[PDB]
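Okay, structure first, notes after.
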Amino acid sequence: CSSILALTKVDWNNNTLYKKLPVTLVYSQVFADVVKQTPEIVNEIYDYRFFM
Amino acid sequence: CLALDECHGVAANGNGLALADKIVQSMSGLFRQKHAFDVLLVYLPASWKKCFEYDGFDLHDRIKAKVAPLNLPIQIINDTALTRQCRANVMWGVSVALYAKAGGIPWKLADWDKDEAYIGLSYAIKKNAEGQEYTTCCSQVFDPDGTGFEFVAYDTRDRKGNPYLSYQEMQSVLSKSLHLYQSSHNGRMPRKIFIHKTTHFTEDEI
Amino acid sequence: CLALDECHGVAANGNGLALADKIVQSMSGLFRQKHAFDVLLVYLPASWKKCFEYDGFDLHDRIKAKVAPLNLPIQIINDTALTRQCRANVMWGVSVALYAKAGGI
Amino acid sequence: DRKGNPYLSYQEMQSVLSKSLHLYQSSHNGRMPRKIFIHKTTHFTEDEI
Amino acid sequence: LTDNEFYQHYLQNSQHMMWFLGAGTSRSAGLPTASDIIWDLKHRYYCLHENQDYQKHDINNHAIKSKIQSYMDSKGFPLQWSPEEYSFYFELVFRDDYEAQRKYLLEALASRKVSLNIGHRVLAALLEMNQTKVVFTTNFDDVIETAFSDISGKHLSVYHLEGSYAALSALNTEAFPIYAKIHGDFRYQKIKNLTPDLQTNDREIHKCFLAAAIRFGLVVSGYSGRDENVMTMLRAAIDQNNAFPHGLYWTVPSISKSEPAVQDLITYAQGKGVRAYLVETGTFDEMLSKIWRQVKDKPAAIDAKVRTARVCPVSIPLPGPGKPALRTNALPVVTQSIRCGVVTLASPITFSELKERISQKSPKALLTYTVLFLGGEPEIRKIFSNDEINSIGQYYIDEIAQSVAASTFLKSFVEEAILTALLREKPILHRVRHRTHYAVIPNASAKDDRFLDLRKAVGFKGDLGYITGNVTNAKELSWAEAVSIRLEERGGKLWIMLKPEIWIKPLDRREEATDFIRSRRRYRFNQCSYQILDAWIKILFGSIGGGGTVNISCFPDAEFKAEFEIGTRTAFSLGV
Amino acid sequence: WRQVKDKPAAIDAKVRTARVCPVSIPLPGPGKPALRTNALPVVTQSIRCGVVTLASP
Amino acid sequence: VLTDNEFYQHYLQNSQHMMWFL
RNA sequence: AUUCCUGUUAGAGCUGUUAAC
DNA sequence: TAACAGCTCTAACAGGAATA
RNA sequence: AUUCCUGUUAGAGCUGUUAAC
DNA sequence: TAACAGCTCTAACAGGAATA
Ligand SMILES: [Mg+2]
């Protein structure tokens with residue numbers, strides 16, 4: 001509970017106090033959209049600063 | 001830089017892929033001068049809204065997917081940022097986004113444990129003509145032995161019709177995550193690993 | 001990565017502190033990909049000799065102390081690996097240093 | 001904070017030595033070290049010993 | 001009140017001095033403090049309710065501490081380092097089970113982690129050697145019961161709440177030293193540690209504090225207030241005729257961080273007529289170290305345990321030379337006793353003044369200050385007139401090695417004397433660089449037969465070498481072979497150190513020939529260096545290094561003459 | 001054993017408390033700014049009902 | 001009677017001397 | 001797309017219970 | 001494999017701005 | 001600064017020994 | 001606290017390459 005609560009506060013893309021989900025979930029969703037649009041990304045891992 | 005003129009023309013054609021590729025070629029003048037600038041500010045006018053969002057295509061998603069392998073951050077700006085009322089809200093947003101995209105860390109979790117890695121798996125829908133496609137990707141928010149902290153996502157991969165990773169795929173993505181964590185902490189095991197999935201874990205997946 | 005051209009101006013100005021700060025600030029392009037690499041080979045041209053070592057300062061120690069909390073190992077290379085006739089020296093000193101900084105023991 | 005001589009004071013040596021064997025215990029699941037070698041470039045004063 | 005005046009004040013009257021050690025002193029003994037106990041309790045409880053591995057995560061980590069404190073705050077518990085927390089967490093973990101609470105407090109403060117430091121040992125020495133008679137310390141674990149017992153070697157009468165009336169009887173019958181724990185040993189059920197128990201005082205102990213108040217003055221250290229019962233006992237204790245006869249200095253490690261209750265308490269005493277003073281003396285350990293330093297005529301038997309570093313350890317003997325043997329450059333000076341001359345001055349003199357008088361007069365004698373002179377009296381008469389000279393007598397140095405080791409002036413004087421003796425009758429020139437003496441082959445007499453062996457030493461492939469000359473690429477620099485000769489005091493012996501060097505005629509222009517000095521010394525390997533050292537031994541002594549005991553005297557024609565004898569063979573030792 | 005301290009590495013490698021598949025962590029006690037949820041408890045542990053038998057699926 | 005958690009606390013606190021009958 | 005996730009409209013995937021093939 | 005029930009989530013739009 | 005420690009030029013730090021203050 | 005003695009260290013430079 002504390003881990004998730006703290007994780008919902010380190011989304012730099014978000015300019016509000018917190019989120020509904022931990023940053024892990026929201027960034028996994030964002031990268032899921034990115035990969036679904038573009039299949040030729042599956043090989044490499046990417047930092048958060050690129051897709052945030 | 002200036003957006004090349006034909007983009008405007010393809011705005012009439014309603015071809016999202018062509019518009020994204022033309023924007024990438026417009027920014028191609030900035031490929032050589034990567035050292036000079038840190039963050040690019042791509043602006044998409046409201047006149048391009050026809051190609052902003054439509055079935056099976058996302059303009060910002062495609063643009064960032066094309067630009068990420070080239071290793072240059074963009075903070076796409078639309079009319080919205082210059083369309084609201086409260087200026088301080090947008091200014092905080094853009095300022096923090098630009099500072100973090102440059103390479104800085106606006107803030108970090110206070111007294112965060114460096115020996116715990118928090119994995120998070122999510123998925124997305126691609127509406128195939130015959131069936132459906134489930135794209136599952138993972139993310140990590142661990143804190144390395146240094147002072148800064150890391151946040152990296154990657155695909156879980158050939159074809160999936162259900163969002164539940166099998167034994168092989170889940171074992172593979174978790175081994176890749178373990179190697180990623182090892183690379184930062186000189187090779188130390190993560191004492192405890194937290195996994196946040198949007199759906200329930202299968203018996204084989206556990 | 002490529003060092004900023006402002007580093008040359010600072011070196012001509014003879015300011016060691018600002019030169020070390022600029023070298024560290026040049027590392028952001030790699031820091032966006034800190035997971036990608038293990039060891040960073042920072043090279044210093046001879047034209048920066050004026051700031052390599054003078055009183056109350058040492059560039060190597062400043063760089064090491066600035067990048068130590070950032071967890072990235074750094075193998076500083078001076079024109080010494082270029083010249084260096086016993087040039088299989090370089091391959092062992094540099095190679096053993098590289099292995100130790102990427103992994104260890 | 002500042003030191004005028006390279007000879008650590010009795011409190012400083014006790015603190016440094018405490019940090020040292022605490023590090024060893026953390027790396028040895030709490031087991032006490034049995035032999036300790038403290039090499040110094042200068043002579044130990046009475047306070048250090 | 002400044003700390004030094006307090007030390008003089010105590011040293012002035014330490015015979016009549018109660019001590020009041022709080023839980024702060026035990027902080028160093030290695031025992032967990034109050035905060036450490038609190039953090040151990042939270043961590044012990046937090047892991048059990050929330051099933052987490054106990055040893056997987058430590059307690060002094062910043063992240064784990066923050067996580068545990070956040071968990072504690074989640075259940076509405078007190079926030080941070082606030083009153084009624086320590087007792088609160090004790091009563092929470094142990095749910096009013098005083099036996100289990102006692103057992104845990106015993107285990108945490110047990111007598112196996114305690115390592116006595118200088119403070120407790122010094123206090124125990126003060127107890128044994130009978131300056132302080134009463135030590136009331138609000139602690140628990142026996143850091144002192146142990147430490148005074150170890151240094152004195154005699155058992156200590158500890159008083160507690162189990163009896164609690166022993167202190168008054170022992171005080172009344174003068175059964176000193178007494179060590180009354182106001183909160184009692186943990187072996188005994190009365191521990192008095194929770195806040196509800198900390199509001200009351202035992203009648204008989206409280207009675208003792210007041211009777212002991214009149215007899216002695218109080219020094220309280222490692223105590224930060226926060227206790228109502230002890231504060232009110234002291235206030236009651238303060239409220240009596242001559243409550244503290246010598247005054248009470250509440251010592252704190254830092255006056256700025258002292259609680260207002262103390263300063264309030266100190267101001268309160270002063271209004272009641274007592275001379276109570278609050279001082280800062282740093283930590284308890286440093287305070288007691290200084291106090292012991294100012295102690296006079298401390299018995300050797302107990303001081304051998306108070307300061308174990310004061311006695312000399314590691315007197316590990318060396319084996320015999322029995323059974324390849326390295327041949328060093330040390331010539332043993334077997335001379336044990338020498339004679340010197342002393343002049344008495346009507347006015348005090350400075351070693352610098354004598355050095356400048358040497359520089360001006362340039363006499364044919366040696367002098368040093370301690371004024372010991374070696375040479376002829378008329379030379380001293382040239383240096384010093386009859387008006388400034390009171391008498392001239394003799395001095396005997398029975399143990400030369402101990403004398404040079406004790407005083408560096410003697411070391412320099414004897415080194416100069418032996419150097420003058422060794423170069424007295426020989427053509428080799430004597431120079432100095434920094435404070436090292438050099439015997440150098442002279443330029444003119446380089447063709448002497450006594451140098452020919454040296455000429456063999458430097459020769460290449462057995463031919464004739466060169467001893468003196470000019471640098472290959474220097475305008476005026478001249479070079480010669482030389483030996484740096486020094487005096488080394490090793491244990492209880494004196495040795496002469498010889499090191500082959502390349503002397504350069506201009507003193508300040510030595511660096512310009514560095515490459516040459518390097519180039520000439522590139523191939524001076526073990527055989528070549530052995531040859532050069534043998535040649536230099538022959539030159540300096542006149543005899544080869546086999547079974548020789550050549551004796552050399554400086555100023556043989558002088559009334560005050562020093563006669564040294566140095567073995568001609570350098571130090572050697574066969575391998576075991 | 002999960003709260004016993006100072007255990008050698010070999011023993012922990014040997015036992016490792018196996019693995020916990022059916023996670024079941026105890027609910028605390030009722031306790032005592034308590035929040036009011038919208039859930040109404042149903043205490044009817046069993047009910048009676050009817051069955052009809054069909055000659056065809 | 002006593003809660004299992006306080007029994008665990010007693011057991012861990014003094015585990016060096018306690019039997020086990022099965 | 002500075003952001004936040006509240007609604008609406010739909011569909012899919014998981015489980016189950018039947019009918020079978 | 002074809003229905004049925006529930007749980008849950010994403011896909012596309014639309015949409016106002018934090019006790020009034 | 002791939003390394004190594006050989007020297008040069010200086011200053012401190014400790015010990016002391018006096019003269020004090 | 002001011003000199004003086006020794007023992008030992010680092011602080012800046014310079015500097016060439018394993019018995020020939
Ligand atoms: Mg953004």
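Scheme for the structure tokens: letters A, B, ... for chains in order shown; per-chain residue numbers from 1; ligand numbers from 1 in order shown.
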Per-residue DSSP, chain D, filtered to helix (DSSP H, G or I), as a list in words: residues 10, 11, 12, 13, 14, 15, 16, 17, 18, 19, 20, 21, 22, 23, 24, 25, 26 and 27 of chain D
Those same residues - N, CA, C and O atoms - I'd like them written as a PDB file, in the first residue's frame.
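To be explicit, this is the file written out as again_24.pdb:
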```pdb
ATOM      1  N   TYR D  10      40.341  10.894  19.802  1.00  0.00           N
ATOM      2  CA  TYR D  10      39.792   9.623  20.330  1.00  0.00           C
ATOM      3  C   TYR D  10      38.339   9.463  19.880  1.00  0.00           C
ATOM      4  O   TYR D  10      37.982   8.349  19.495  1.00  0.00           O
ATOM      5  N   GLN D  11      37.530  10.524  19.904  1.00  0.00           N
ATOM      6  CA  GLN D  11      36.130  10.362  19.436  1.00  0.00           C
ATOM      7  C   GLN D  11      36.112  10.004  17.947  1.00  0.00           C
ATOM      8  O   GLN D  11      35.362   9.090  17.588  1.00  0.00           O
ATOM      9  N   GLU D  12      36.933  10.668  17.127  1.00  0.00           N
ATOM     10  CA  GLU D  12      36.914  10.414  15.661  1.00  0.00           C
ATOM     11  C   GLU D  12      37.322   8.974  15.363  1.00  0.00           C
ATOM     12  O   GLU D  12      36.613   8.309  14.606  1.00  0.00           O
ATOM     13  N   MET D  13      38.384   8.495  15.999  1.00  0.00           N
ATOM     14  CA  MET D  13      38.832   7.106  15.744  1.00  0.00           C
ATOM     15  C   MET D  13      37.734   6.147  16.197  1.00  0.00           C
ATOM     16  O   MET D  13      37.451   5.199  15.474  1.00  0.00           O
ATOM     17  N   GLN D  14      37.115   6.414  17.342  1.00  0.00           N
ATOM     18  CA  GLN D  14      36.053   5.505  17.829  1.00  0.00           C
ATOM     19  C   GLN D  14      34.911   5.507  16.811  1.00  0.00           C
ATOM     20  O   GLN D  14      34.392   4.424  16.529  1.00  0.00           O
ATOM     21  N   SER D  15      34.560   6.669  16.256  1.00  0.00           N
ATOM     22  CA  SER D  15      33.475   6.720  15.280  1.00  0.00           C
ATOM     23  C   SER D  15      33.853   6.017  13.983  1.00  0.00           C
ATOM     24  O   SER D  15      33.057   5.244  13.430  1.00  0.00           O
ATOM     25  N   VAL D  16      35.063   6.273  13.481  1.00  0.00           N
ATOM     26  CA  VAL D  16      35.509   5.634  12.244  1.00  0.00           C
ATOM     27  C   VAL D  16      35.594   4.125  12.426  1.00  0.00           C
ATOM     28  O   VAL D  16      35.153   3.351  11.565  1.00  0.00           O
ATOM     29  N   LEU D  17      36.160   3.681  13.548  1.00  0.00           N
ATOM     30  CA  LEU D  17      36.285   2.250  13.799  1.00  0.00           C
ATOM     31  C   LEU D  17      34.916   1.601  13.963  1.00  0.00           C
ATOM     32  O   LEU D  17      34.703   0.457  13.534  1.00  0.00           O
ATOM     33  N   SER D  18      33.972   2.324  14.573  1.00  0.00           N
ATOM     34  CA  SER D  18      32.604   1.839  14.711  1.00  0.00           C
ATOM     35  C   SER D  18      31.954   1.647  13.349  1.00  0.00           C
ATOM     36  O   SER D  18      31.344   0.608  13.076  1.00  0.00           O
ATOM     37  N   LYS D  19      32.082   2.649  12.478  1.00  0.00           N
ATOM     38  CA  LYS D  19      31.565   2.510  11.120  1.00  0.00           C
ATOM     39  C   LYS D  19      32.208   1.323  10.417  1.00  0.00           C
ATOM     40  O   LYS D  19      31.533   0.574   9.703  1.00  0.00           O
ATOM     41  N   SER D  20      33.507   1.114  10.639  1.00  0.00           N
ATOM     42  CA  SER D  20      34.208   0.024   9.968  1.00  0.00           C
ATOM     43  C   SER D  20      33.667  -1.340  10.387  1.00  0.00           C
ATOM     44  O   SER D  20      33.320  -2.170   9.534  1.00  0.00           O
ATOM     45  N   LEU D  21      33.594  -1.609  11.698  1.00  0.00           N
ATOM     46  CA  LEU D  21      33.146  -2.955  12.046  1.00  0.00           C
ATOM     47  C   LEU D  21      31.648  -3.111  11.844  1.00  0.00           C
ATOM     48  O   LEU D  21      31.182  -4.238  11.666  1.00  0.00           O
ATOM     49  N   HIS D  22      30.877  -2.018  11.854  1.00  0.00           N
ATOM     50  CA  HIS D  22      29.471  -2.133  11.485  1.00  0.00           C
ATOM     51  C   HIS D  22      29.327  -2.523  10.018  1.00  0.00           C
ATOM     52  O   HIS D  22      28.470  -3.343   9.669  1.00  0.00           O
ATOM     53  N   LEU D  23      30.165  -1.952   9.150  1.00  0.00           N
ATOM     54  CA  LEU D  23      30.181  -2.372   7.752  1.00  0.00           C
ATOM     55  C   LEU D  23      30.557  -3.841   7.629  1.00  0.00           C
ATOM     56  O   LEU D  23      29.933  -4.590   6.864  1.00  0.00           O
ATOM     57  N   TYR D  24      31.571  -4.272   8.380  1.00  0.00           N
ATOM     58  CA  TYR D  24      31.966  -5.678   8.337  1.00  0.00           C
ATOM     59  C   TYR D  24      30.832  -6.584   8.802  1.00  0.00           C
ATOM     60  O   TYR D  24      30.567  -7.624   8.189  1.00  0.00           O
ATOM     61  N   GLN D  25      30.155  -6.203   9.886  1.00  0.00           N
ATOM     62  CA  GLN D  25      29.046  -6.998  10.405  1.00  0.00           C
ATOM     63  C   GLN D  25      27.913  -7.084   9.392  1.00  0.00           C
ATOM     64  O   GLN D  25      27.318  -8.151   9.203  1.00  0.00           O
ATOM     65  N   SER D  26      27.597  -5.967   8.734  1.00  0.00           N
ATOM     66  CA  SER D  26      26.584  -5.994   7.686  1.00  0.00           C
ATOM     67  C   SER D  26      26.997  -6.926   6.556  1.00  0.00           C
ATOM     68  O   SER D  26      26.161  -7.641   5.992  1.00  0.00           O
ATOM     69  N   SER D  27      28.286  -6.938   6.215  1.00  0.00           N
ATOM     70  CA  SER D  27      28.771  -7.855   5.192  1.00  0.00           C
ATOM     71  C   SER D  27      29.055  -9.252   5.730  1.00  0.00           C
ATOM     72  O   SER D  27      29.387 -10.142   4.940  1.00  0.00           O
TER      73      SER D  27
END
```
Near-ligand residues for ligand 1, threshold 12 Å, only C-alpha atoms (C1' of nucleotides) and all ligand atoms, as a VMD selection string: (chain A and resid 11 to 15 27 30 48 to 52) or (chain B and resid 39 to 42 60 to 61 64 73 to 78 81 90 92 to 101) or (chain H and resid 1 to 3)
Just the selected residues (C-alpha atoms (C1' of nucleotides)), exported as a PDB file, in the first residue's frame, please.
```pdb
ATOM      1  CA  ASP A  11       4.901  11.097 -12.634  1.00  0.00           C
ATOM      2  CA  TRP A  12       6.738  14.147 -13.960  1.00  0.00           C
ATOM      3  CA  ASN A  13       4.415  14.324 -16.972  1.00  0.00           C
ATOM      4  CA  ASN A  14       1.601  14.894 -14.457  1.00  0.00           C
ATOM      5  CA  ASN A  15       1.450  18.446 -13.096  1.00  0.00           C
ATOM      6  CA  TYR A  27       4.009   4.198 -18.009  1.00  0.00           C
ATOM      7  CA  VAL A  30       1.796   4.478 -22.365  1.00  0.00           C
ATOM      8  CA  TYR A  48      10.713   7.272 -19.201  1.00  0.00           C
ATOM      9  CA  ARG A  49      12.025  10.670 -20.321  1.00  0.00           C
ATOM     10  CA  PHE A  50      11.400   9.703 -23.994  1.00  0.00           C
ATOM     11  CA  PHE A  51       7.664   8.828 -23.736  1.00  0.00           C
ATOM     12  CA  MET A  52       6.634  11.040 -20.814  1.00  0.00           C
TER      13      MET A  52
ATOM     14  CA  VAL B  39      14.650  19.036 -26.034  1.00  0.00           C
ATOM     15  CA  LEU B  40      12.686  19.545 -29.250  1.00  0.00           C
ATOM     16  CA  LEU B  41       9.306  21.314 -29.160  1.00  0.00           C
ATOM     17  CA  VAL B  42       7.153  19.915 -31.966  1.00  0.00           C
ATOM     18  CA  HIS B  60       1.618  11.749 -30.916  1.00  0.00           C
ATOM     19  CA  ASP B  61       2.161   8.048 -30.264  1.00  0.00           C
ATOM     20  CA  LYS B  64       7.294   9.590 -30.372  1.00  0.00           C
ATOM     21  CA  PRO B  73      13.230  13.962 -26.622  1.00  0.00           C
ATOM     22  CA  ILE B  74      10.223  15.919 -27.825  1.00  0.00           C
ATOM     23  CA  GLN B  75       7.559  17.704 -25.797  1.00  0.00           C
ATOM     24  CA  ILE B  76       4.726  17.923 -28.322  1.00  0.00           C
ATOM     25  CA  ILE B  77       2.725  21.129 -27.897  1.00  0.00           C
ATOM     26  CA  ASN B  78      -0.761  21.519 -29.353  1.00  0.00           C
ATOM     27  CA  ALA B  81      -1.454  24.301 -23.978  1.00  0.00           C
ATOM     28  CA  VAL B  90       0.391  24.811 -17.962  1.00  0.00           C
ATOM     29  CA  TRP B  92       4.313  24.149 -14.165  1.00  0.00           C
ATOM     30  CA  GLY B  93       3.510  21.279 -16.513  1.00  0.00           C
ATOM     31  CA  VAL B  94       5.779  22.357 -19.371  1.00  0.00           C
ATOM     32  CA  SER B  95       8.596  23.518 -17.084  1.00  0.00           C
ATOM     33  CA  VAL B  96       8.732  20.233 -15.175  1.00  0.00           C
ATOM     34  CA  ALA B  97       8.373  18.231 -18.392  1.00  0.00           C
ATOM     35  CA  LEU B  98      11.213  20.096 -20.106  1.00  0.00           C
ATOM     36  CA  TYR B  99      13.535  19.915 -17.100  1.00  0.00           C
ATOM     37  CA  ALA B 100      12.967  16.174 -16.749  1.00  0.00           C
ATOM     38  CA  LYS B 101      13.327  15.607 -20.504  1.00  0.00           C
TER      39      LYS B 101
ATOM     40  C1'   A H   1      -0.748  16.193 -27.261  1.00  0.00           C
ATOM     41  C1'   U H   2       1.220  20.727 -20.054  1.00  0.00           C
ATOM     42  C1'   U H   3      -2.070  17.709 -17.313  1.00  0.00           C
TER      43        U H   3
END
```
Check which residues of region 104-147 of chain B sit at most 12 Å from region 1-18 of chain I using only C-alpha atoms (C1' of nucleotides), and return one row each with the closest pair of atoms and their distance in Å to one decimal, ordered by chain and rising number, as a tab-separated table.
```
residue	atom	partner	partner_atom	distance
B:122	CA	I:9	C1'	10.5
B:123	CA	I:10	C1'	8.7
B:124	CA	I:10	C1'	6.8
B:125	CA	I:10	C1'	6.4
B:126	CA	I:11	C1'	9.0
B:127	CA	I:11	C1'	8.7
B:132	CA	I:10	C1'	11.6
B:133	CA	I:10	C1'	11.6
B:134	CA	I:10	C1'	10.2
B:135	CA	I:10	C1'	11.4
```
DSSP says strand (DSSP E or B) for which residues of chain B? Put them as number ranges by chain? B: 40, 43, 53-54, 57-58, 74, 77, 116-126, 133-140, 152-155, 192-197
Write the residues of the preceding selection, restricted to C-alpha atoms, as a compact mmCIF listing (two decimals), in the first residue's frame.
```txt
# COMPACT_ATOMS: atom_id res chain seq x y z
CA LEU B 40 12.69 19.54 -29.25
CA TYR B 43 3.96 21.92 -32.47
CA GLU B 53 -6.69 10.77 -33.71
CA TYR B 54 -8.49 8.20 -35.84
CA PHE B 57 -3.63 5.49 -35.39
CA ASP B 58 -2.37 7.96 -32.78
CA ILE B 74 10.22 15.92 -27.83
CA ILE B 77 2.72 21.13 -27.90
CA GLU B 116 13.35 -2.97 -4.06
CA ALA B 117 12.27 -2.94 -7.72
CA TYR B 118 8.63 -2.18 -8.57
CA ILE B 119 7.64 -3.88 -11.82
CA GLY B 120 4.43 -2.92 -13.59
CA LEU B 121 2.80 -4.70 -16.54
CA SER B 122 0.05 -3.27 -18.73
CA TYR B 123 -1.50 -3.95 -22.12
CA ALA B 124 -3.22 -2.28 -25.06
CA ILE B 125 -5.71 -3.21 -27.79
CA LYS B 126 -5.01 -3.33 -31.51
CA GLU B 133 -4.16 -8.05 -30.66
CA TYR B 134 -2.96 -7.63 -27.07
CA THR B 135 0.27 -5.68 -26.60
CA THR B 136 1.79 -6.24 -23.15
CA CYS B 137 4.69 -4.15 -21.87
CA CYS B 138 6.53 -3.87 -18.56
CA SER B 139 8.08 -0.99 -16.64
CA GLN B 140 10.55 -0.60 -13.77
CA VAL B 152 12.45 2.17 -17.94
CA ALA B 153 9.78 0.35 -19.96
CA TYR B 154 10.07 -2.41 -22.54
CA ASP B 155 7.92 -4.80 -24.54
CA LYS B 192 11.89 -7.99 -2.88
CA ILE B 193 10.16 -7.37 -6.26
CA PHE B 194 6.66 -5.82 -6.60
CA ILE B 195 4.56 -6.53 -9.70
CA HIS B 196 1.46 -4.47 -10.53
CA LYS B 197 -0.72 -6.09 -13.19
```
Which residues come within 8 Å of residue 573 (chain E), counting only C-alpha atoms (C1' of nucleotides), excluding same-chain residues fewer than 3 positions away, as a CSV table (one decimal) with N, CA and C atoms, in the first residue's frame?
```
chain,number,residue,atom,x,y,z
E,321,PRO,N,70.4,-15.0,15.1
E,321,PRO,CA,70.8,-14.9,13.7
E,321,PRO,C,71.1,-16.2,13.1
E,325,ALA,N,71.9,-13.7,3.2
E,325,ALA,CA,71.9,-12.7,4.3
E,325,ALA,C,72.0,-11.3,3.7
E,326,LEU,N,71.0,-10.5,3.9
E,326,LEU,CA,71.1,-9.1,3.5
E,326,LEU,C,72.2,-8.3,4.2
E,327,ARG,N,72.9,-7.5,3.5
E,327,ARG,CA,74.0,-6.7,4.1
E,327,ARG,C,73.6,-5.2,4.0
```
